[PDB]
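Heads up: the protein sequence lines correspond to chains R and X, in order. When we follow the numbering used here, the leftmost residue of the first sequence carries the number 1, and every step to the right adds one. When we follow the numbering used here, the leftmost residue of the second sequence carries the number 1001, and every step to the right adds one. Heads up: the structure comes next, in structure tokens.
Number of protein chains: 2
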Amino acid sequence: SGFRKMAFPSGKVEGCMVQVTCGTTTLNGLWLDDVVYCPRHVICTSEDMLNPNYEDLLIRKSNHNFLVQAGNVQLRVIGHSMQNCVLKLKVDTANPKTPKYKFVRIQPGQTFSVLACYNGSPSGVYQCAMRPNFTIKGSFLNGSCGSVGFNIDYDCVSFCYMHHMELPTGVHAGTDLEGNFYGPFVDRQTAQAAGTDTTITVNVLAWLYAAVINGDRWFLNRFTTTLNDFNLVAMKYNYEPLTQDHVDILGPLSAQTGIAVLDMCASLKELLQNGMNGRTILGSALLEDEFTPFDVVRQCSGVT
Amino acid sequence: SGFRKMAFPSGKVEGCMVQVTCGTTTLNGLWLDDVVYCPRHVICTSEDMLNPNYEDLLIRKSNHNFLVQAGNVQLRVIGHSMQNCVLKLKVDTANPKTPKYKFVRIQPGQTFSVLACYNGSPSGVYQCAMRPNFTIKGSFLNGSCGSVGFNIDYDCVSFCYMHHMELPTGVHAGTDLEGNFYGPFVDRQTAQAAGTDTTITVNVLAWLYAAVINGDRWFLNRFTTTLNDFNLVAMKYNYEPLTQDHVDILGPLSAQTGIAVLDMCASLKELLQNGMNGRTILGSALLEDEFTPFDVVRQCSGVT
Ligand SMILES: Cc1ccncc1NC(=O)[C@H](C)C1CCCCC1
Ligand SMILES: Cc1ccncc1NC(=O)[C@H](C)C1CCCCC1
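Structure (structure tokens):
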């Protein structure tokens, strides 16, 4: 028992991190097979950053201008291409530490682990959610660009995020591994509106189930609700409307605990309307939304 | 910017995890050089667990009774010995993935990362603090015994914890890597008093500094306090008394932000006396104590 904000073991991803330098800029790259992936803004300088013309900036670069170093060793670049907001540097050596991997585009509300890196070296790992507004609330300083987000299913790493930018509000934006930004963001130093965010309702319910499984049950009440009634409350409190698909995903947790999903919704309604009254749930004094129902099941069953 | 509960990259520790089986019991072991370390209770059965006579139980075991498997490969055990609550199984092969490492006994209030494992396979990584009462609030199910806690300083892994037991209260207990329990705990299935715990004051102050560095400053006030006055408040609220040694450790954060440590203490006093008023600090609705001043500096500077 006990419930923690757990990240995936980062070892398989640590073996893929490299440092990429182009001119004056250094950031992180992801070396999988014979390709190194990194944010395309590695080719910019300070003057370029307001509205870079990436196609033109890249035309001034040759394979030998991209310095790729995997700690002790220098990689030989034999090709370069830009795909959306990422550069793909073909190298002459396949990464001997390439794990089984996939590139996936995650949905908002899904979670993943980030391995924060500086100069191609890993500094730490943390779990986070892709906000409904397509931002992430990470921990990234200048130089962390190119750090990646991922999930692991047995021996397969699904890479879902590459870090590109910090918005002026201090929230983070990035792309899938094909270089497509999550959200409306563009890789330029401009103020950019992140949409209105919402709380991930299905994740809060999943975390309430993890709380009951682990002994925190003070919030369970004698009430029930309907999806319609609950969604009026979700509306008032900027929570995502709950759907039958969300109820269906919560099925295993509802079955294991014997607490009907709409009964848990009535606990959540009361917590939204009355607050925690100075109490905590799983060490938190707020309603946590960074655990998906899959995360709760995985953690509560000890999946490796 | 942004501040997260970050764990160390777990790769160097993943390469050391093995599965140890003795009879009917399977748990995790730590393979460093030619020795595998695991909790001594791997030699117990269900009948033994109320008050095992470990010396007698171990005498019924031979090297060939300890089955050690590092995924695809079986290790040959050529020696066994019990040191405090750990067993040390000498194997004929040095772990080729042995990182530079140290065994350290951490102080209460210090933090570390745990790589939770089942059957020698890593499931996840999380950061936690050793409570002032020598327990940890982890996430461990049956089979996670032998999972370890550690810190990393550049290329050196300092192992500080091995998981042994879940107390009847759902909190966790374990040993240093010489098998000495942190706290009063004994490896037997009995109800055991964990002392009165307290909040790690120096860590809360460090986290208030991380909050100011990252833009959350609403809690700063026009007041100051003294160590004496602050400690009367710390007393009332079950916080550790602050000492000049704690003020000294906060020096770098005080210098970087320009907020005198006693001025931050006066912010903390007001938060203790008035609560958060429904507001948050770094995404938390409570005063966080799982970040040491060293953690804050490391995270806010991007150390690898
Ligand atoms: C500073 C920082 C901190 C954390 N994460 C990222 C960054 N870097 C930036 O967001 C650049 C300013 C941006 C990058 C995209 C192109 C325009 C320039
Ligand atoms: C169940 C569980 C969950 C999480 N962590 C550990 C455990 N296992 C135990 O604490 C045993 C009961 C204990 C181990 C010490 C010797 C007496 C028996």
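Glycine included, C-beta positions come from ideal geometry on N, C-alpha and C.
- Using a Cβ distance threshold of 9 Å, X:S1113 and X:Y1101 do not count as a contacting pair.
- In the DSSP assignment, R:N203 falls within the alpha helix (DSSP H) that extends over 201-213.
- R:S121 is bridged by DSSP to R:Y118.
- For X:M1235, the closest of X:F1223, X:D1197, X:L1250, X:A1129 by C-alpha to C-alpha distance is X:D1197.
- Within chain R, the residues placing a beta-carbon under 7 Å from that of X:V1303 are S123, ordered along the chain.
- The beta carbon of R:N203 is closer than 6 Å to those of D289, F291, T292 in its chain, skipping five residues each way along the sequence.
- Beta-carbon to beta-carbon, X:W1031 and X:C1016 are separated by about 5 Å, close enough to satisfy the 8 Å threshold.
- Relative to ligand 2, X:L1141 has its C-beta within less than 8 Å of a heavy atom.
- Listed along chain X is no residue with a C-beta nearer than 8 Å to that of R:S267; the closest approach is about 18 Å.
- Rounded to whole angstroms, the gap between the alpha carbons of X:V1303 and X:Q1192 is 39 Å.
- Taking C-beta atoms under 8 Å as the contact rule, X:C1145 and X:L1027 qualify, at a distance of about 4 Å.
- Across the set X:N1214, X:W1218, X:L1141, X:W1207, the C-alpha of X:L1141 shows the shortest separation from the C-alpha of X:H1163.
- For the pair R:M165 and R:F185, the CB atoms are nearer than the 9 Å cut-off.
- The continuous alpha helix (DSSP H) containing R:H246 extends over residues 244-249.
- With respect to chain R, the C-beta atom of X:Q1299 has a partner C-beta closer than 9 Å.
- Of the heavy atoms belonging to ligand 1, at least one sits nearer than 8 Å to the Cβ of R:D187.
- Residue nearest to R:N53 within the set R:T24, R:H80, R:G71, R:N84 is R:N84 (criterion: CA-CA distance).
- Not a single CB atom of chain R sits nearer than 9 Å to the CB of X:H1164.
- Not one heavy atom of ligand 2 lies closer than 8 Å to the C-beta of X:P1241.
- Rounded to whole angstroms, the Cβ separation of R:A210 and R:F8 is 17 Å, and the two are not in contact under 8 Å.
- DSSP places R:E240 in the coil class of the three-state scheme, outside both helix and strand.
- In the structure shown, the three-state DSSP call for X:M1235 is helix.
- Here R:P108 carries a coil assignment [DSSP, helix/strand/coil].
- X:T1280 reaches chain R at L286, counting residues in chain order whose Cβ is nearer than 8 Å.
- By the neighbour-count criterion, in which a residue is buried when 16 or more other Cβ atoms sit within 10 angstroms of its Cβ, X:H1172 is buried.
- Every beta strand (DSSP E) of 3 residues or more that sits fully in the segment 1151-1190 of chain X is shown, in chain order, as 1156-1166, 1172-1175.
- For R:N95, there is no enclosing beta strand (DSSP E), as DSSP gives it neither H nor E.
- Within chain R, the residues placing a beta-carbon under 7 Å from that of X:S1139 are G2, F3, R4, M6, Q299, ordered along the chain.
- For X:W1218, the CB contacts under 7 Å within the same chain, skipping 5 residues up- and downstream, are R1279 in chain order.
- Between ligand 2 and X:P1052, a heavy atom-to-CB distance of less than 8 Å is present.
- Within the chosen limit of 8 Å, ligand 2 reaches the beta carbon of X:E1166 through at least one heavy atom.
- For X:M1264, the distance from the CB to the nearest heavy atom of ligand 2 is not below 8 Å.
- Using a CB distance cut-off of 9 Å, R:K88 does not count as an interface residue toward chain X.
- In this model, X:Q1189 and X:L1167 are separated by some 8 Å (Cα to Cα).
- A distance criterion of 8 Å places the beta-carbon of X:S1158 beyond contact range of ligand 1, judged by its closest non-hydrogen atom.
- Collapsing the DSSP output to three states places X:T1280 in coil.
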